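Only one structure is covered here, and it is reproduced in the block below.
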Amino acid sequence: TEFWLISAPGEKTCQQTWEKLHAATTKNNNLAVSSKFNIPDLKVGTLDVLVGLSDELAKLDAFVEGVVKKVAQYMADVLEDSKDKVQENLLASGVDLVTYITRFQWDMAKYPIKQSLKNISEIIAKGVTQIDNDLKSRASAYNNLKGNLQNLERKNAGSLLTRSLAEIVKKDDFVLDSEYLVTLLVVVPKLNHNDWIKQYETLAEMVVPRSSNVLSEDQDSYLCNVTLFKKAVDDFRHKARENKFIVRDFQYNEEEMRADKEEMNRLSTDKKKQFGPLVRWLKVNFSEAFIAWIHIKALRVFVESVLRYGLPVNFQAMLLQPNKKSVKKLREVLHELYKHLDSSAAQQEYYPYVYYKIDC
Amino acid sequence: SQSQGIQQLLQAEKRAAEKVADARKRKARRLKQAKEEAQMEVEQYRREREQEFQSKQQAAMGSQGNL
Amino acid sequence: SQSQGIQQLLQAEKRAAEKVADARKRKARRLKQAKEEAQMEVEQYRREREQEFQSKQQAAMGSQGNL
Amino acid sequence: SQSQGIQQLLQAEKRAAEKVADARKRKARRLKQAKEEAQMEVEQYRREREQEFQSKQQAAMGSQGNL
Amino acid sequence: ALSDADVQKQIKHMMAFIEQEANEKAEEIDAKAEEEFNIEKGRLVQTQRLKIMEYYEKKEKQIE
Amino acid sequence: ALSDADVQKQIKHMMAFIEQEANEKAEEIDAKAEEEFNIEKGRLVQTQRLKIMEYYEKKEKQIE
Amino acid sequence: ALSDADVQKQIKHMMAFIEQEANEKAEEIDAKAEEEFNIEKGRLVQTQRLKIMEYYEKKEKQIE
Amino acid sequence: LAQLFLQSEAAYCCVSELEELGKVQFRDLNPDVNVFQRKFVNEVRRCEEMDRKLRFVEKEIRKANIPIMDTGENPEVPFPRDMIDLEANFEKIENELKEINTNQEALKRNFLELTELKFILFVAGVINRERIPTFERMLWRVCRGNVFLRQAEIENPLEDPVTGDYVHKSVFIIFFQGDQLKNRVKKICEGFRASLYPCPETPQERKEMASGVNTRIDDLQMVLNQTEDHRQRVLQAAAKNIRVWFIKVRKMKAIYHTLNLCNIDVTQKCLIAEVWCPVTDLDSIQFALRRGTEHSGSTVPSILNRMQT
């Protein structure tokens with residue numbers, strides 16, 4: 001959606017109209033899209049003030065541009081029923097960019113037609129500041145959801161040495177409620193399954209050989225429970241370390257297992273419940289920020305058009321969609337049309353016409 | 001075969017619970033008995049002090065009368 | 001056109017001076033009118049109230065005389 | 001003879017050193033003498049003033065007689 | 001700029017800006033002046049009315 | 001991967017360890033019970049014997 | 001071209017140089033000694049002579 | 001060779017005369033002893049200060065293209081102690097030139113500045129006209145066409161203070177009534193090499209002010225002419241003194257060097273040195289010793305003590 005918004009000296013509205021509407025006059029030999037642009041008539045009491053506002057407007061322009069890019073990123077970021085290449089842009093007030101723009105009007109909703117220029121800028125700035133903070137809080141909530149969800153994926157992921165055993169260990173196999181016999185969890189390579197069972201016996205005194213039994217298998221190792229007298233566990237685990245064996249210090253905990261299942265379901269549900277309304281809220285913020293952006297461009301248009309021409313202020317402008325590889329010619333035509341009207345002495349240094357870029 | 005060894009251990013633990021609770025029950029009975037015996041000793045001790053009291057009181061009365 | 005442009009500038013500044021001085025003059029006159037009208041308002045208020053008091057006083061003296 | 005000219009000059013230096021050190025010793029001696037002589041002078045002054053006082057006292061007794 | 005045509009046009013435009021601001025400002029000044037006229041007049045008048053009210057009360061007080 | 005004899009031996013040993021503790025604990029509880037019997041008994045005895053001692057001594061003074 | 005006797009004469013000269021300084025220095029030292037002598041003496045005699053006189057004058061109080 | 005015992009006062013005269021005579025060489029008898037130790041440290045430092053001052057003045061003299069000859073004074077070899085204070089007086093002379101230059105440059109800047117008022121008599125600046133093309137265009141774009149372009153030119157200008165270069169000025173200036181834009185153009189025009197010194201006013205009072213400055217400027221020029229005349233008089237005077245002093249100072253320092261090149265005796269305020277001298281010149285040197293010591297009031301024999309070694 002890259003369009004140039006062009007300001008004209010406006011010496012004759014019927015003439016500027018001809019040079020902008022007529023098929024014989026449409027830019028790049030009528031291949032480029034050329035739509036007229038209008039704003040309500042507005043007056044600014046002091047041009048020097050207008051100048052200050054011009055600088056302010058450029059700054060606001062940058063701010064809201066940042067804001068809308070942030071917005072684009074947050075929508076892109078959720079990826080709820082969407083992807084990077086599908087529904088990349090949203091409608092503003094239900095229509096597309098070109099539609100919005102051509103139907104763009106200064107919104108009393110944004111500012112009184114009698115509102116001061118300063119005040120208009122203020123309204124826009126306050127609005128987007130409000131948008132930015134909304135984005136800050138909702139994005140925080142999004143990131144918090146994403147973070148804890150991945151944390152949970154990790155918990156239910158990985159090898160048997162570190163993975164949660166909630167799905168693996170059954171109350172009937174884990175030795176529960178024994179004062180003297182403690183169960184350690186050991187992970188033995190499949191090729192060494194029988195070996196570590198024998199090794200366990202050699203880890204501590206009074207360690208019962210062959211009690212080691214595999215509860216479940218991993219890709220590299222089997223996870224087995226070993227039952228032993230509590231006093232010997234210190235010797236059991238130490239010698240296990242000596243044999244390059246990792247003994248898992250694990251206790252059955254019914255409440256924790258349920259707690260984790262509850263968090264699993266809770267977090268997924270909140271995720272869905274949040275994204276639904278999150279994105280609807282974000283969608284409103286988007287529409288509002290785009291409308292504001294165009295409002296800003298139009299104000300810049302006001303400022304600029306006044307600054308080049310002063311009074312009277314009928315302002316003529318074009319919204320142009322350049323054709324591919326014809327922007328040089330488009331510029332050349334506009335240069336031919338307005339250069340002699342802009343100045344006898346002769347862009348930013350000099351400009352036959354004032355334009356700004358749209359790219360969304 | 002590991003489950004039978006487990007059951008034998010569990011039975012041993014059960015016995016342990018019965019045995020310690022039972023020793024504690026005896027301990028409680030012995031304590032009540034201790035209070036009972038102490039009290040029996042006290043009743044006899046009181047009787048003895050009392051006999052001495054009664055002897056002295058009657059004896060003091062008659063000697064005071066002789067005065 | 002250098003000299004005509006200069007004269008044009010000086011004339012604009014002159015007009016500005018006239019515009020403001022005259023506005024200040026209009027403000028002063030409007031303020032004077034305000035004082036004249038307030039005095040008139042207070043005068044009518046005063047006359048009426050004094051008259052009301054006198055009427056009441058005349059009635060009061062009549063009431064007082066009856067005896 | 002260089003060594004001898006040097007030694008002769010060193011002897012002259014030695015004498016110079018002796019001459020001023022001896023002068024400082026004399027200075028110390030002269031100062032103590034000054035203090036003792038001063039006191040001796042004080043004693044003479046005292047005797048003279050004592051005499052004047054006694055002379056005056058005898059004259060006073062003589063002179064107060066008339067008054 | 002260099003061309004007399006351009007600088008003269010620029011001057012006409014500037015003077016136009018100067019005039020527009022001057023014109024708007026003078027009307028603004030007179031309007032506020034009228035608002036203050038009515039406001040200040042009333043303020044002083046009401047102050048006096050209250051003062052007269054007190055003279056009245058005293059009148060009322062001396063008799064019965 | 002071993003014979004039933006080895007598990008039977010090891011479990012017999014574990015059971016013996018528990019039975020041993022089972023017996024020792026009850027014995028320990030009764031021995032302490034015997035100690036507390038005598039300790040508590042004496043405290044009670046001395047407390048009241050001394051109390052009546054003082055009671056009656058004062059009465060004896062009153063008698064004298 | 002000049003004899004060892006004239007070198008000897010130069011030695012005798014420097015000796016004379018030394019004697020002159022020796023004399024000047026001793027004289028300077030003795031003169032200051034006499035100055036310090038007189039200064040301390042004067043201070044002492046003035047101090048005591050004044051006190052003696054003061055004592056007698058005060059005694060004039062009984063005579064007068 | 002021989003051990004020479006020279007009384008201090010005589011020693012100044014003797015070293016001076018013998019050094020000019022040039023037939024004897026002294027050895028350093030105390031290699032472990034520094035100039036501080038030899039007690040020529042004040043003598044050498046003094047010489048060094050005088051030297052630095054002389055070099056400074058000399059440089060300035062050369063700058064002035066003064067035809068100093070330095071062909072006189074060769075045979076006088078003064079070695080009075082009073083020279084020590086006179087050398088300082090020489091420095092004062094040089095110190096004055098720095099002050100003159102200091103004032104002259106300061107004066108030049110005001111001159112460099114004041115000429116601008118005469119060219120002055122919207123605020124147009126004075127530029128070196130090297131970049132008036134972009135000066136004007138860059139100001140246009142500050143707010144294009146917002147104020148009228150003021151054109152000012154200076155013909156037969158004064159040496160530009162920044163470049164000391166005379167070049168006619170042709171300047172296109174933007175001046176604004178608004179404060180934000182005037183501040184803007186101020187920043188733009190100042191970033192450019194442009195001088196915006198004056199603040200022109202319609203009232204003739206400002207013209208009267210410029211007339212007054214023009215008067216002060218002429219007075220300034222007259223003062224510069226006076227400062228320059230003194231500067232010139234002092235510098236020619238220095239070239240005359242400096243040719244003599246180069247030798248005087250160089251020689252006294254050399255004398256001091258030799259005096260450090262000695263053995264300091266303890267018993268006498270006399271220095272004794274091992275001096276080598278050809279036999280051929282032995283009479284010449286004894287007569288030289290006589291002349292040296294004879295000038296001096298102490299009339300120490302100043303004998304060369306011949307020894308074998």
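In the structure tokens, chains take letters A, B, ... by order of appearance, with residues numbered from 1 within each chain and ligands from 1 in the order shown.
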Selection near residue 30 (chain E), 8 Å with only C-alpha atoms, sequence-local residues under 5 positions removed, as a ChimeraX atom specification: /C:23-24,26-27
Working over all C-alpha atoms in order, superimpose chain B onto chain D by least squares and state the RMSD in Å.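 Across all paired C-alpha atoms, the RMSD is 1.9 Å.
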Taking only C-alpha atoms into account, which residues of chain F are within 9 Å of chain A, as JSON, numbers by chain? {"F": [1, 2, 6, 7, 10, 11, 13, 14, 18]}
Chain G in the frame of chain F after Cα least-squares fit, as an mmCIF file with N, CA and C atoms, in the first residue's frame:
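Produced file part.cif, reproduced below:
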```cif
data_model
loop_
_atom_site.group_PDB
_atom_site.id
_atom_site.type_symbol
_atom_site.label_atom_id
_atom_site.label_comp_id
_atom_site.auth_asym_id
_atom_site.auth_seq_id
_atom_site.Cartn_x
_atom_site.Cartn_y
_atom_site.Cartn_z
ATOM 1 N N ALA G 1 22.102 -67.322 38.666
ATOM 2 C CA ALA G 1 23.008 -68.295 39.267
ATOM 3 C C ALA G 1 22.605 -68.557 40.707
ATOM 4 N N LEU G 2 21.679 -67.748 41.208
ATOM 5 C CA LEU G 2 21.240 -67.824 42.590
ATOM 6 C C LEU G 2 19.737 -68.054 42.571
ATOM 7 N N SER G 3 19.231 -68.786 43.559
ATOM 8 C CA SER G 3 17.874 -69.300 43.456
ATOM 9 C C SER G 3 16.856 -68.271 43.932
ATOM 10 N N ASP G 4 15.583 -68.592 43.702
ATOM 11 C CA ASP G 4 14.517 -67.747 44.216
ATOM 12 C C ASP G 4 14.407 -67.898 45.722
ATOM 13 N N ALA G 5 14.847 -69.044 46.236
ATOM 14 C CA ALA G 5 14.932 -69.230 47.677
ATOM 15 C C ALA G 5 15.922 -68.267 48.316
ATOM 16 N N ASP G 6 17.000 -67.887 47.623
ATOM 17 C CA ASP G 6 17.877 -66.956 48.317
ATOM 18 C C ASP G 6 17.285 -65.561 48.299
ATOM 19 N N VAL G 7 16.486 -65.246 47.284
ATOM 20 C CA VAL G 7 15.796 -63.968 47.327
ATOM 21 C C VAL G 7 14.870 -63.989 48.525
ATOM 22 N N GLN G 8 14.188 -65.124 48.710
ATOM 23 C CA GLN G 8 13.269 -65.260 49.829
ATOM 24 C C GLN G 8 14.028 -65.073 51.127
ATOM 25 N N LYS G 9 15.254 -65.586 51.166
ATOM 26 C CA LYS G 9 16.081 -65.424 52.346
ATOM 27 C C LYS G 9 16.349 -63.949 52.576
ATOM 28 N N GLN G 10 16.551 -63.197 51.488
ATOM 29 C CA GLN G 10 16.793 -61.766 51.640
ATOM 30 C C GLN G 10 15.558 -61.082 52.198
ATOM 31 N N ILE G 11 14.378 -61.567 51.817
ATOM 32 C CA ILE G 11 13.156 -60.976 52.342
ATOM 33 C C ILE G 11 13.105 -61.243 53.835
ATOM 34 N N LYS G 12 13.409 -62.485 54.204
ATOM 35 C CA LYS G 12 13.403 -62.887 55.599
ATOM 36 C C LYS G 12 14.384 -62.031 56.383
ATOM 37 N N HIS G 13 15.514 -61.714 55.752
ATOM 38 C CA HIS G 13 16.512 -60.832 56.343
ATOM 39 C C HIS G 13 15.922 -59.465 56.624
ATOM 40 N N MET G 14 15.242 -58.884 55.644
ATOM 41 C CA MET G 14 14.754 -57.536 55.873
ATOM 42 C C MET G 14 13.679 -57.581 56.931
ATOM 43 N N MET G 15 12.964 -58.702 57.007
ATOM 44 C CA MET G 15 11.985 -58.848 58.065
ATOM 45 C C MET G 15 12.701 -58.866 59.399
ATOM 46 N N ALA G 16 13.837 -59.561 59.465
ATOM 47 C CA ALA G 16 14.576 -59.611 60.717
ATOM 48 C C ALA G 16 15.055 -58.213 61.063
ATOM 49 N N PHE G 17 15.420 -57.456 60.028
ATOM 50 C CA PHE G 17 15.868 -56.082 60.195
ATOM 51 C C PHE G 17 14.766 -55.298 60.879
ATOM 52 N N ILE G 18 13.553 -55.478 60.360
ATOM 53 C CA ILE G 18 12.397 -54.777 60.883
ATOM 54 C C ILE G 18 12.152 -55.190 62.322
ATOM 55 N N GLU G 19 12.248 -56.487 62.623
ATOM 56 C CA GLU G 19 11.944 -56.914 63.983
ATOM 57 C C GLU G 19 12.940 -56.302 64.956
ATOM 58 N N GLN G 20 14.204 -56.192 64.539
ATOM 59 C CA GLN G 20 15.204 -55.630 65.433
ATOM 60 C C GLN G 20 14.863 -54.186 65.738
ATOM 61 N N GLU G 21 14.481 -53.427 64.701
ATOM 62 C CA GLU G 21 14.144 -52.033 64.947
ATOM 63 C C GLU G 21 12.904 -51.962 65.819
ATOM 64 N N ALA G 22 11.958 -52.869 65.569
ATOM 65 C CA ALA G 22 10.697 -52.887 66.295
ATOM 66 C C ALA G 22 10.984 -53.040 67.772
ATOM 67 N N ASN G 23 11.942 -53.912 68.079
ATOM 68 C CA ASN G 23 12.275 -54.231 69.456
ATOM 69 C C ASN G 23 12.955 -53.035 70.079
ATOM 70 N N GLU G 24 13.880 -52.430 69.339
ATOM 71 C CA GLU G 24 14.646 -51.336 69.906
ATOM 72 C C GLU G 24 13.698 -50.187 70.210
ATOM 73 N N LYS G 25 12.766 -49.928 69.289
ATOM 74 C CA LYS G 25 11.851 -48.809 69.441
ATOM 75 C C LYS G 25 10.929 -49.050 70.626
ATOM 76 N N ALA G 26 10.401 -50.269 70.755
ATOM 77 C CA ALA G 26 9.482 -50.501 71.857
ATOM 78 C C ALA G 26 10.228 -50.327 73.165
ATOM 79 N N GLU G 27 11.483 -50.791 73.217
ATOM 80 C CA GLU G 27 12.197 -50.726 74.482
ATOM 81 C C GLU G 27 12.393 -49.265 74.852
ATOM 82 N N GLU G 28 12.692 -48.441 73.838
ATOM 83 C CA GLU G 28 12.953 -47.024 74.064
ATOM 84 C C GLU G 28 11.708 -46.372 74.626
ATOM 85 N N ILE G 29 10.563 -46.777 74.083
ATOM 86 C CA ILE G 29 9.290 -46.189 74.456
ATOM 87 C C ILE G 29 8.943 -46.572 75.884
ATOM 88 N N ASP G 30 9.138 -47.837 76.240
ATOM 89 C CA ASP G 30 8.786 -48.259 77.592
ATOM 90 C C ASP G 30 9.730 -47.638 78.616
ATOM 91 N N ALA G 31 11.011 -47.497 78.263
ATOM 92 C CA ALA G 31 11.939 -46.879 79.197
ATOM 93 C C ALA G 31 11.558 -45.426 79.449
ATOM 94 N N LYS G 32 11.189 -44.688 78.391
ATOM 95 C CA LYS G 32 10.798 -43.317 78.671
ATOM 96 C C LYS G 32 9.516 -43.291 79.491
ATOM 97 N N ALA G 33 8.603 -44.239 79.250
ATOM 98 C CA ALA G 33 7.357 -44.235 80.009
ATOM 99 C C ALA G 33 7.652 -44.359 81.496
ATOM 100 N N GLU G 34 8.637 -45.198 81.827
ATOM 101 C CA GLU G 34 8.985 -45.436 83.221
ATOM 102 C C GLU G 34 9.641 -44.205 83.817
ATOM 103 N N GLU G 35 10.432 -43.507 83.000
ATOM 104 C CA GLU G 35 11.029 -42.258 83.456
ATOM 105 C C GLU G 35 9.972 -41.199 83.725
ATOM 106 N N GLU G 36 8.988 -41.062 82.837
ATOM 107 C CA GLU G 36 7.983 -40.033 83.068
ATOM 108 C C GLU G 36 7.167 -40.397 84.296
ATOM 109 N N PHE G 37 6.946 -41.701 84.478
ATOM 110 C CA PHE G 37 6.185 -42.216 85.607
ATOM 111 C C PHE G 37 6.841 -41.755 86.891
ATOM 112 N N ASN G 38 8.143 -42.012 86.983
ATOM 113 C CA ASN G 38 8.875 -41.748 88.205
ATOM 114 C C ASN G 38 9.002 -40.252 88.418
ATOM 115 N N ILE G 39 9.154 -39.476 87.345
ATOM 116 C CA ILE G 39 9.353 -38.040 87.512
ATOM 117 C C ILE G 39 8.082 -37.415 88.077
ATOM 118 N N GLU G 40 6.931 -37.748 87.492
ATOM 119 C CA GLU G 40 5.704 -37.102 87.937
ATOM 120 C C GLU G 40 5.424 -37.536 89.366
ATOM 121 N N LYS G 41 5.650 -38.824 89.648
ATOM 122 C CA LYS G 41 5.354 -39.346 90.972
ATOM 123 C C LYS G 41 6.198 -38.607 91.998
ATOM 124 N N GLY G 42 7.497 -38.445 91.716
ATOM 125 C CA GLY G 42 8.366 -37.841 92.707
ATOM 126 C C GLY G 42 7.903 -36.427 92.983
ATOM 127 N N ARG G 43 7.474 -35.720 91.926
ATOM 128 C CA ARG G 43 7.134 -34.310 92.094
ATOM 129 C C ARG G 43 5.959 -34.220 93.052
ATOM 130 N N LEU G 44 5.010 -35.132 92.869
ATOM 131 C CA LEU G 44 3.737 -35.064 93.569
ATOM 132 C C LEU G 44 3.959 -35.418 95.029
ATOM 133 N N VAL G 45 4.782 -36.440 95.265
ATOM 134 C CA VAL G 45 4.950 -36.960 96.614
ATOM 135 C C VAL G 45 5.755 -35.963 97.397
ATOM 136 N N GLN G 46 6.700 -35.311 96.737
ATOM 137 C CA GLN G 46 7.511 -34.351 97.449
ATOM 138 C C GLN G 46 6.627 -33.179 97.847
ATOM 139 N N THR G 47 5.737 -32.774 96.938
ATOM 140 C CA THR G 47 4.907 -31.605 97.180
ATOM 141 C C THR G 47 4.005 -31.867 98.370
ATOM 142 N N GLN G 48 3.368 -33.023 98.377
ATOM 143 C CA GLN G 48 2.396 -33.221 99.430
ATOM 144 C C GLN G 48 3.097 -33.612 100.718
ATOM 145 N N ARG G 49 4.193 -34.365 100.638
ATOM 146 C CA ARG G 49 4.854 -34.801 101.855
ATOM 147 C C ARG G 49 5.337 -33.569 102.599
ATOM 148 N N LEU G 50 5.859 -32.600 101.843
ATOM 149 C CA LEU G 50 6.334 -31.375 102.455
ATOM 150 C C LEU G 50 5.179 -30.621 103.092
ATOM 151 N N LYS G 51 4.054 -30.480 102.379
ATOM 152 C CA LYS G 51 2.939 -29.745 102.985
ATOM 153 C C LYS G 51 2.446 -30.398 104.281
ATOM 154 N N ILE G 52 2.385 -31.732 104.319
ATOM 155 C CA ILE G 52 1.913 -32.419 105.524
ATOM 156 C C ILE G 52 2.848 -32.113 106.683
ATOM 157 N N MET G 53 4.153 -32.245 106.418
ATOM 158 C CA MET G 53 5.137 -32.002 107.460
ATOM 159 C C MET G 53 4.993 -30.579 107.951
ATOM 160 N N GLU G 54 4.836 -29.636 107.017
ATOM 161 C CA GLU G 54 4.781 -28.225 107.370
ATOM 162 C C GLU G 54 3.599 -27.994 108.299
ATOM 163 N N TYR G 55 2.480 -28.664 108.007
ATOM 164 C CA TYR G 55 1.280 -28.500 108.811
ATOM 165 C C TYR G 55 1.554 -28.978 110.222
ATOM 166 N N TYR G 56 2.266 -30.092 110.333
ATOM 167 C CA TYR G 56 2.483 -30.641 111.661
ATOM 168 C C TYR G 56 3.445 -29.732 112.416
ATOM 169 N N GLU G 57 4.467 -29.226 111.718
ATOM 170 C CA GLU G 57 5.481 -28.424 112.385
ATOM 171 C C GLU G 57 4.806 -27.190 112.930
ATOM 172 N N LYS G 58 3.914 -26.623 112.123
ATOM 173 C CA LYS G 58 3.262 -25.395 112.508
ATOM 174 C C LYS G 58 2.457 -25.676 113.754
ATOM 175 N N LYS G 59 1.838 -26.851 113.796
ATOM 176 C CA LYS G 59 1.026 -27.252 114.939
ATOM 177 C C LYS G 59 1.882 -27.419 116.190
ATOM 178 N N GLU G 60 3.187 -27.499 115.970
ATOM 179 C CA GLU G 60 4.150 -27.599 117.053
ATOM 180 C C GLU G 60 4.036 -26.324 117.892
ATOM 181 N N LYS G 61 3.551 -25.249 117.271
ATOM 182 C CA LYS G 61 3.390 -23.978 117.950
ATOM 183 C C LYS G 61 2.448 -24.148 119.134
ATOM 184 N N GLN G 62 1.357 -24.902 118.989
ATOM 185 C CA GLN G 62 0.530 -25.078 120.177
ATOM 186 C C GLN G 62 1.188 -25.983 121.214
ATOM 187 N N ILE G 63 1.833 -27.046 120.746
ATOM 188 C CA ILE G 63 2.495 -27.989 121.640
ATOM 189 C C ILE G 63 3.615 -27.322 122.433
ATOM 190 N N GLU G 64 4.371 -26.456 121.768
ATOM 191 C CA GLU G 64 5.474 -25.750 122.411
ATOM 192 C C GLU G 64 4.978 -24.513 123.153
#
```
Give me the residues within 8 Å of region 64-73 of chain H as a PyMOL selection string, counting only C-alpha atoms and dropping any in the same chain fewer than 5 places off. chain H and resi 235-236+239-240+243-244+247
Restricting it to N, CA, C and O atoms, dump the selection as a tab-separated table (two decimals), in the first residue's frame.
```
chain	number	residue	atom	x	y	z
H	235	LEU	N	61.48	46.14	18.55
H	235	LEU	CA	62.12	45.03	17.85
H	235	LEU	C	63.46	45.47	17.27
H	235	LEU	O	64.43	44.70	17.31
H	236	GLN	N	63.56	46.69	16.72
H	236	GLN	CA	64.86	47.05	16.16
H	236	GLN	C	65.87	47.16	17.29
H	236	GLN	O	67.04	46.74	17.17
H	239	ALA	N	67.09	43.78	18.08
H	239	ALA	CA	68.10	43.21	17.20
H	239	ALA	C	69.48	43.76	17.53
H	239	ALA	O	70.46	42.99	17.64
H	240	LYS	N	69.53	45.04	17.93
H	240	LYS	CA	70.82	45.61	18.27
H	240	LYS	C	71.36	45.00	19.55
H	240	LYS	O	72.57	44.82	19.69
H	243	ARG	N	72.32	40.89	19.18
H	243	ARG	CA	73.55	40.36	18.59
H	243	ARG	C	74.66	40.32	19.63
H	243	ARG	O	75.50	39.41	19.60
H	244	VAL	N	74.66	41.27	20.56
H	244	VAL	CA	75.71	41.38	21.57
H	244	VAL	C	75.49	40.32	22.64
H	244	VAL	O	76.42	39.62	23.07
H	247	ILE	N	76.47	36.53	22.25
H	247	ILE	CA	77.84	36.21	22.59
H	247	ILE	C	77.99	36.29	24.08
H	247	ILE	O	78.56	35.39	24.71
```
Neighbours of chain F in chain B at 6 Å, counting only C-alpha atoms, as a VMD selection string: chain B and resid 5 9 12 16 19 to 20 23 to 24 27 31 34 38
Atom pair CA of residue 17 (chain C) / CA of residue 177 (chain H): separation (Å): 15.0 Å
Mind dumping a table of every chain B residue within 10 Å of chain A, with the nearest atom pair and its distance in Å to one decimal, using only C-alpha atoms, sorted by chain and rising number, as JSON lines?
```
{"residue": "B:1", "atom": "CA", "partner": "A:211", "partner_atom": "CA", "distance": 8.8}
{"residue": "B:2", "atom": "CA", "partner": "A:211", "partner_atom": "CA", "distance": 6.0}
{"residue": "B:3", "atom": "CA", "partner": "A:211", "partner_atom": "CA", "distance": 9.2}
{"residue": "B:5", "atom": "CA", "partner": "A:211", "partner_atom": "CA", "distance": 9.6}
{"residue": "B:6", "atom": "CA", "partner": "A:175", "partner_atom": "CA", "distance": 8.8}
{"residue": "B:9", "atom": "CA", "partner": "A:181", "partner_atom": "CA", "distance": 8.5}
{"residue": "B:10", "atom": "CA", "partner": "A:178", "partner_atom": "CA", "distance": 7.4}
{"residue": "B:13", "atom": "CA", "partner": "A:179", "partner_atom": "CA", "distance": 7.5}
```
As a ChimeraX atom specification, please: every residue in region 109-329 of chain A that a backbone DSSP assignment puts in strand (DSSP E). /A:181-189,213-217,221-229,247-248,316-321
Selection near region 254-262 of chain H, 7 Å with only C-alpha atoms, sequence-local residues under 5 positions removed, as a PyMOL selection string: chain H and resi 15-16+26-29+35+38-40+43-44+271+273
Closest pair table for chain H residues within 8 Å of chain E, only C-alpha atoms, as a tab-separated table:
```
residue	atom	partner	partner_atom	distance
H:136	CA	E:1	CA	7.7
H:137	CA	E:1	CA	7.8
H:140	CA	E:1	CA	7.4
H:145	CA	E:10	CA	5.0
H:146	CA	E:14	CA	5.9
H:147	CA	E:14	CA	6.4
H:148	CA	E:11	CA	5.7
H:149	CA	E:1	CA	6.5
```
Could you write those residues out with N, CA, C and O atoms, as a PDB file, in the first residue's frame?
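Contents of part.pdb, as written:
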```pdb
ATOM      1  N   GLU H 136      21.893  30.678   0.361  1.00  0.00           N
ATOM      2  CA  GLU H 136      20.553  31.141   0.049  1.00  0.00           C
ATOM      3  C   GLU H 136      19.620  29.955  -0.111  1.00  0.00           C
ATOM      4  O   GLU H 136      18.478  30.000   0.349  1.00  0.00           O
ATOM      5  N   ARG H 137      20.057  28.909  -0.829  1.00  0.00           N
ATOM      6  CA  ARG H 137      19.107  27.837  -1.102  1.00  0.00           C
ATOM      7  C   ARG H 137      18.740  27.098   0.187  1.00  0.00           C
ATOM      8  O   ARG H 137      17.566  26.793   0.437  1.00  0.00           O
ATOM      9  N   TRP H 140      16.452  29.061   2.001  1.00  0.00           N
ATOM     10  CA  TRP H 140      15.129  29.039   1.424  1.00  0.00           C
ATOM     11  C   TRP H 140      14.441  27.866   2.076  1.00  0.00           C
ATOM     12  O   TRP H 140      13.376  27.993   2.679  1.00  0.00           O
ATOM     13  N   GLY H 145      10.703  30.725   0.897  1.00  0.00           N
ATOM     14  CA  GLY H 145       9.834  31.756   0.405  1.00  0.00           C
ATOM     15  C   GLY H 145       9.065  32.412   1.518  1.00  0.00           C
ATOM     16  O   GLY H 145       8.141  33.181   1.252  1.00  0.00           O
ATOM     17  N   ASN H 146       9.456  32.166   2.768  1.00  0.00           N
ATOM     18  CA  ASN H 146       8.660  32.629   3.890  1.00  0.00           C
ATOM     19  C   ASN H 146       8.930  34.093   4.161  1.00  0.00           C
ATOM     20  O   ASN H 146       8.018  34.814   4.575  1.00  0.00           O
ATOM     21  N   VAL H 147      10.145  34.562   3.918  1.00  0.00           N
ATOM     22  CA  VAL H 147      10.494  35.938   4.215  1.00  0.00           C
ATOM     23  C   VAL H 147      11.157  36.461   2.955  1.00  0.00           C
ATOM     24  O   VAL H 147      11.543  35.683   2.083  1.00  0.00           O
ATOM     25  N   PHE H 148      11.291  37.776   2.827  1.00  0.00           N
ATOM     26  CA  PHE H 148      11.881  38.181   1.562  1.00  0.00           C
ATOM     27  C   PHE H 148      13.397  38.047   1.620  1.00  0.00           C
ATOM     28  O   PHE H 148      14.012  38.143   2.686  1.00  0.00           O
ATOM     29  N   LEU H 149      13.998  37.788   0.462  1.00  0.00           N
ATOM     30  CA  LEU H 149      15.449  37.725   0.380  1.00  0.00           C
ATOM     31  C   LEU H 149      16.078  39.109   0.402  1.00  0.00           C
ATOM     32  O   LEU H 149      15.699  39.974  -0.393  1.00  0.00           O
TER      33      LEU H 149
END
```
For residue 306 (chain A), list every protein, DNA or RNA residue within 12 Å, evaluated using only C-alpha atoms, and leave out those in the same chain fewer than 3 positions away; present the list as a ChimeraX atom specification. /A:7-10,41-51,54,299-303,309-316,354 /E:13-14,16-17 /H:143-144,146
